[PDB]
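These protein sequence lines map, in sequence, to chains B and A. Count the first sequence with PDB author numbering and you get residues 228 to 434, 437 to 580, 585 to 626, in order. Count the second sequence with PDB author numbering and you get residues 228 to 434, 437 to 580, 585 to 626, in order. Backbone N, C-alpha and C fix where the C-beta goes; we use that ideal spot for every residue, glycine too. The structure appears right after this line, and notes come after that.
Protein chains: 2
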Amino acid sequence: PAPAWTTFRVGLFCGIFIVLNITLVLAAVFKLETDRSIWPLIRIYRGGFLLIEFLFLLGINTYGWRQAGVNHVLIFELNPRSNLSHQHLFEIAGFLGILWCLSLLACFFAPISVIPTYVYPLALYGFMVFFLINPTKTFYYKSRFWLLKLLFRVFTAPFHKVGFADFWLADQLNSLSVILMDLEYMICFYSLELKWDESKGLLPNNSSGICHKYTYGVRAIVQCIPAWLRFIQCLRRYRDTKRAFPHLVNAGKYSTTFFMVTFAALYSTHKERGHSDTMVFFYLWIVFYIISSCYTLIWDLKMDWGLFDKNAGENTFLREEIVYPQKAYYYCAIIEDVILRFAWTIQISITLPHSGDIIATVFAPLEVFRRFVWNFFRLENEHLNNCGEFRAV
Amino acid sequence: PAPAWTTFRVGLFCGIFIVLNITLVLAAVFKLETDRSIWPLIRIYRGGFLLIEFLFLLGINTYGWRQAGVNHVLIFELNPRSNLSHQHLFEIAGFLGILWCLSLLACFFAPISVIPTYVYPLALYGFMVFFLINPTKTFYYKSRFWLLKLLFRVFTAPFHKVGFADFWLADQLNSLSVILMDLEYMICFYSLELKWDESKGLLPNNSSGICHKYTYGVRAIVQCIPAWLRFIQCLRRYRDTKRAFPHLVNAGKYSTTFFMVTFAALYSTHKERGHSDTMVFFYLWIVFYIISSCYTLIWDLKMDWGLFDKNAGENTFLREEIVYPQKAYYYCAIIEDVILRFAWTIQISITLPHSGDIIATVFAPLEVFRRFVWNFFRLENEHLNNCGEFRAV
Ligand SMILES: CCCCCCCCCCCCCCCCCC(=O)OC[C@H](COP(=O)(O)OCCN)OC(=O)CCCCCCCCCCCCC
Ligand SMILES: CCCCCCCCCCCCCCCCCC(=O)OC[C@H](COP(=O)(O)OCCN)OC(=O)CCCCCCCCCCCCC
Ligand SMILES: CC(C)CCC[C@@H](C)[C@H]1CC[C@H]2[C@@H]3CC=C4C[C@@H](O)CC[C@]4(C)[C@H]3CC[C@]12C
Ligand SMILES: CC(C)CCC[C@@H](C)[C@H]1CC[C@H]2[C@@H]3CC=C4C[C@@H](O)CC[C@]4(C)[C@H]3CC[C@]12C
């Protein structure tokens, strides 16, 4: 198992997190100003919230993979000596989620003198970066180094060889593209919008902004920077393997992801300008959201998971062999990976007015939950079918 | 060891406790009224605070006894099958200390409608009793029943046989007599002082009370109800063993505890009345505090612990054999069991005006700490010397 101090730290951090969350809710109901816009803060903190949520669901995944015998230490090609058990991710999640609640609380109370209240997001997202690139061999240096060496083979896409960890993380970034949007919004807001002279700044004097629009191609390019990576990765895998079916057909789906965003952006620009030929684009976009919400779905079931098989037997649209104990799980996941998959690319085109933002903030933790369920059966099908194509035996 | 859920609960409760304590301090600095007396609440909550503190130091003791090999399962005559490890007392302490902080916080905010704010101490000290006398076999029913059957052989003193658990708890109640004083104050305050019509009540409209004085022979009788028990227990042990030295000389020390309290009470009554012959008592009291602060001290070292031995050897006023690893511990305890033991019976005679209360509240957690250090070497000397006189071999 794990030492008795690691479980103590897990519990301590989760308790502090719970109490600080309740205090956050109460202070937001009572101590709030209710006179200035709160969105320039909601986005900046929504990024980090999605990160913390993702780091806890990934701790639950590493427990489900071990209880069911998936052997994720050979698939990732990890080291069978030292690995992060679920209690080592439940611990980083809580630690980084304590500072998030502390920053969000200080941005409400501002319980200090002349120091401005816009330095708290900078402090939080500076500490979150310096926790990762600490050169001193402490606080999980082996894991952070294994992750830093690998976040470098992903962003420089076509110059390396694609292993399962590169593919897994590059596909994990597809459902985590809100972090990039909110990391771009922080920069464009701190650069040319927030007035440093005023002592409040983060909640500006209003109740009209220039960085959350689909602007001159810089919100759309960051929106699908996580599809460009996997497009090039599949093209490289085709260039190397020469098996033209799976890799080319696969890249043809991120290709569709490319068209939806550009057509939505074109329509948005044309109407915010007020051109007469705007509506012709709105008919095209709808075709790409219907085309690409299906392409990525009939691929999750038939090829990623491998469920709708012909020689199933008694399993009624599942595989011949299943690993997870029960059998209702495979049907709840099937019914969920269509409901949550339709809404996922609404939120990619949609990222319209202030009613078009309480939808993005609500659906953002539902694209990091759909990936949490993807990770469960992708790894299982990779274990007993080797369908990724990445292992000789 | 222990299951991985018990350590998680330990950590969770300690984290919630820490955060709620910091919130308590902040709300007492800021949200306070600063217009009404706060003592009628300080006493009522000081009782429960001492209880919670005692239940955590006793968890540390059960760890020190096991790491050093004291074998407290045979001395107490426990069951070698199921016993509370230190993590099962670290858990009850935190659980009961969460409700304490919640009650103390509600008494500050009063964050509910017409319901009065004096029902929170009643709620807390009703739940603390009903956690113990739950007939349903859940939430440590074996331990709570072993304790309830034994709190009955202690209060009915001379009709049972004195084992080590009876003596141990009856001597533990000597340094926990503030709980009884604050349980008597709660009753005499809720009975004839607090006006139920007013919605605040607990903080009365003032900045003159009739229940914390050394009153007509009730505060003093409850003050030394924990010395009467051990007096009778030693008399019974003499009646049975017929060895007249240790038991009679032992009872002769709680006899001295009896005289200090009555002389202090006589002096206090005579001066608050204003009699001319008051000061003659103040010379007697001082003789009993000097006589009885020495009697109980030269007994802790020579007979309870057994340190100042003649055949020590190289241990320089310790035993021939010592169990705890280091050797500075035995000297810090020697130097502490005189400093903290002089002040212990100041606080018994004292319990004088409002300057005579910030001393009792401050010294109350220093008589529950001096028993925390007693428990360490009493059990060790009982282990390797059998000096209690309670085991044939
Ligand atoms: C504005 C908002 C911006 C926020 C910026 C924040 C930057 C990043 C801060 C995140 C902190 C994450 C801490 C590091 C987590 C380490 C997890 C890890 O790598 O372990 C994964 C585990 C196997 O790791 P082992 O250590 O056992 O390997 C040992 C032998 N070499 O086995 C596994 O299952 C793999 C799990 C890997 C976790 C992947 C996390 C990816 C997160 C980085 C993406 C960031 C872009 C936004
Ligand atoms: C106004 C303020 C008033 C407050 C009123 C509150 C009333 C009491 C509420 C207290 C809750 C305490 C919960 C019970 C604690 C149980 C601890 C216990 O008994 O275990 C002690 C342990 C051995 O116990 P085992 O269960 O292993 O025995 C099994 C086989 N028969 O081995 C040990 O080392 C012994 C430890 C025993 C702890 C003794 C605690 C004594 C506290 C009661 C005194 C109360 C008077 C104020
Ligand atoms: C109708 C919809 C919304 C239902 C929601 C689907 C969710 C709750 C279902 C679908 C996938 C399921 C998971 C699939 C497999 C495992 C592995 C197992 O060892 C623990 C249960 C666990 C961890 C399941 C938890 C429940 C689960 C997450
Ligand atoms: C000068 C005075 C105030 C010093 C304070 C004395 C205190 C801190 C000393 C005296 C008795 C000591 C304890 C005696 C023995 C043990 C058992 C051992 O396995 C752990 C250390 C521990 C738990 C010690 C902790 C430190 C201790 C509590």
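Three CB pairs or more closer than 8 Å across the segment 259-272 of chain B and the segment 319-336 of chain B: In this structure the segment 259-272 of chain B lies against the segment 319-336 of chain B, because at least three pairs of beta carbons, one per stretch, are closer than 8 Å.
Inter-residue spacing [alpha-carbon to alpha-carbon] between residue 632(A) and residue 440(A): What is shown of chain A runs 228 to 626, which leaves residue 632(A) out entirely.
Any heavy atom of ligand 4 within less than 7 Å of residue CB: hits in chain order: Taking each Cβ in turn, the ones that pass are 287(A), 291(A), 294(A), 295(A), 553(A), 554(A), 558(A), 561(A), 562(A), 564(A), 565(A), 606(A), 609(A).
4-residue-minimum alpha helix (DSSP H) runs that sit fully inside the segment 296-328 of chain B, ordered along the chain: For the segment 296-328 of chain B, whole alpha helix (DSSP H) runs of length 4 or above, ordered along the chain, are 299-302.
Test item: CB-CB of residue 362(A) and residue 426(A) under 7 Å: Reading the second sequence from its first residue, position 135 is the one you call residue 362(A). Reading the second sequence from its first residue, position 199 is the one you call residue 426(A). Between residue 362(A) and residue 426(A), the gap from beta carbon to beta carbon reaches 7 Å or more.
8 Å CB neighbourhood of residue 518(A) in its chain, flanking five on each side removed: By 1-based counting over the second sequence, the position of residue 518(A) is 289. The answer, listed in chain order, is 489, 574, 575, 578.
C-beta neighbour in chain A for residue 311(B), strict 7 Å: Along the first sequence, one-based indexing puts residue 311(B) at 84. No, its Cβ sits nowhere closer than 7 Å to a Cβ of chain A.
Cross-chain neighbours of residue 231(A) in chain B, by beta carbon under 7 Å: For this step, residue 231(A) is matched to residue 4 along the second sequence. Within chain B, the residues near residue 231(A) are 228, 234.
Cβ contact check for the segment 494-510 of chain A and the segment 442-453 of chain A: 3 or more pairs under 8 Å: Cβ pair count under 8 Å is three or more, so yes.
Proximity test, Cβ basis, 7 Å: residue 239(B) and chain A: As a working mapping, residue 239(B) is identified with position 12 in the first sequence. Contacts with chain A at 7 Å (Cβ-Cβ) include residue 239(B).
Contact between the segment 450-468 of chain B and the segment 369-377 of chain B (3+ Cβ pairs under 8 Å): As far as the Cβ criterion goes, the segment 450-468 of chain B does not touch the segment 369-377 of chain B, which means the pair count is below three.
Distance, residue 557(A) Cα to residue 331(A) Cα: Here residue 331(A) corresponds to residue number 104 of the second sequence, with the count starting at 1. Here residue 557(A) corresponds to residue number 328 of the second sequence, with the count starting at 1. Each residue's Cα considered, the two are about 39 Å apart.
Within chain B, the residues that residue 252(A) reaches when beta carbons sit closer than 8 Å: Start at 1 with the first residue of the second sequence, and residue 252(A) comes out as number 25. Against chain B, the beta carbon of residue 252(A) has no neighbour under 8 Å; the closest one sits roughly 14 Å away.
Straight-line gap, residue 357(B) to residue 387(B) (C-alpha atoms, nearest Å): Counting from one through the first sequence, the residue named residue 357(B) turns up at place 130. Counting from one through the first sequence, the residue named residue 387(B) turns up at place 160. Between residue 357(B) and residue 387(B), the C-alpha separation is close to 27 Å.
Proximity to residue 458(A) [Cα-Cα], best of 618(A), 482(A), 529(A), 619(A): As a working mapping, residue 458(A) is identified with position 229 in the second sequence. For residue 458(A), the nearest C-alpha among the options comes from 482(A).
Between the CA atoms of residue 228(B) and residue 298(B) - distance to the nearest angstrom: What you label residue 298(B) is simply residue 71 of the first sequence in a count that begins at 1. What you label residue 228(B) is simply residue 1 of the first sequence in a count that begins at 1. Cα atoms of residue 298(B) and residue 228(B): separation of roughly 16 Å, rounded to the nearest angstrom.
Contact test: residue 589(B) Cβ vs ligand 1 heavy atom, cutoff 6 Å: Position 356 of the first sequence, counted from the start, is the residue given in the question as residue 589(B). Because no heavy atom of ligand 1 lies under 6 Å away, the Cβ of residue 589(B) does not count as near it: no.
Interface positions of the segment 262-273 of chain B facing chain A (Cβ-Cβ less than 8 Å), listed along the chain: Residues of the segment 262-273 of chain B with a C-beta less than 8 Å from any C-beta of chain A: none at all.
Nearest-angstrom Cα separation, counted from residue 399(B) out to residue 582(B): Within the gap of chain B, which runs from 580 to 585, lies residue 582(B), and it has no coordinates in the structure.
For residue 241(B), the nearest candidate out of 232(B), 585(B), 296(B), 325(B) (CA to CA): Working through the first sequence from its first residue, we reach residue 241(B) at position 14. Just measuring C-alpha positions, the residue of 232(B), 585(B), 296(B), 325(B) sitting nearest residue 241(B) is 325(B).
Enclosing alpha helix (DSSP H) for residue 523(A) [first to last residue]: Stepping through the second sequence from its first residue, residue 523(A) is reached at position 294. Element bounds for residue 523(A): 508-523.
Coarse secondary structure for residue 280(A), derived from DSSP in three states: The count along the second sequence starts at 1 and reaches residue 280(A) at position 53. Note: residue 280(A) maps to helix in three-state DSSP.
Check whether residue 567(B) and residue 613(B) have beta carbons under 7 Å apart: By 1-based counting over the first sequence, the position of residue 567(B) is 338. By 1-based counting over the first sequence, the position of residue 613(B) is 380. Not a contact, by the Cβ cut-off of 7 Å.
Residue 464(A), enclosing alpha helix (DSSP H) - first and last residue: Working through the second sequence from its first residue, we reach residue 464(A) at position 235. Going by DSSP, residue 464(A) is part of the alpha helix (DSSP H) stretching over 455-470.
Residue 274(A) vs residue 419(A) beta-carbon contact at 7 Å: Along the second sequence, one-based indexing puts residue 274(A) at 47. Along the second sequence, one-based indexing puts residue 419(A) at 192. In this structure, residue 419(A) does not lie closer than 7 Å to residue 274(A) by Cβ.
Cβ-heavy atom distance, residue 312(B) to ligand 1, below 6 Å: As a first step, residue 312(B) is located in the first sequence; it is residue number 85 there, counting from the start. It does not: the Cβ of residue 312(B) is nowhere closer than 6 Å to a heavy atom of ligand 1.
Residue of 263(A), 249(A), 239(A) minimising C-alpha distance to residue 433(A): Taking the first residue of the second sequence as 1, we reach residue 433(A) at position 206. Measuring from the Cα of residue 433(A), the nearest candidate turns out to be 263(A).
Cβ of residue 581(B) within 7 Å of any chain A Cβ: Coordinates for residue 581(B) are simply not present: the residues of chain B run from 580 and resume at 585.
beta-carbon residue 371(B) near ligand 1 non-hydrogen atom, thresh 6 Å: Translated into the one-based positions of the first sequence, residue 371(B) becomes position 144. The nearest non-hydrogen atom of ligand 1 is less than 6 Å from the C-beta of residue 371(B).
Per-residue contacts from residue 246(A) into chain B (C-beta, under 7 Å): For the purposes of this step, residue 246(A) is identified with residue 19 of the second sequence, where counting begins at 1. Going along chain B in sequence order, the residues near residue 246(A) (Cβ under 7 Å) are 243, 246, 247.
Cut-off 7 Å between Cβ atoms - residues of its own chain near residue 535(B), not counting five sequence neighbours on either side: Here residue 535(B) refers to the residue found at position 306 of the first sequence. 548, 614, 618, 620.
Check whether residue 371(A) and residue 318(A) have beta carbons under 7 Å apart: Against the second sequence, residue 371(A) aligns to sequence position 144. Against the second sequence, residue 318(A) aligns to sequence position 91. Result no, Cβ atoms of residue 371(A) and residue 318(A) do not sit closer than 7 Å.
Cα-Cα separation between residue 570(B) and residue 320(B), rounded to whole angstroms: The residue given as residue 570(B) occupies position 341 in the first sequence. The residue given as residue 320(B) occupies position 93 in the first sequence. Roughly 26 Å separates the two Cα atoms.
Cβ-heavy atom distance, residue 355(A) to ligand 2, below 6 Å: In the second sequence, counting from the first residue as 1, residue 355(A) sits at position 128. Checking every heavy atom of ligand 2 against the Cβ of residue 355(A), one is found closer than 6 Å.
For residue 630(B), the nearest candidate out of 340(B), 346(B), 524(B), 279(B) (CA to CA): Nothing in the structure corresponds to residue 630(B), since chain B is present only between 228 and 626.
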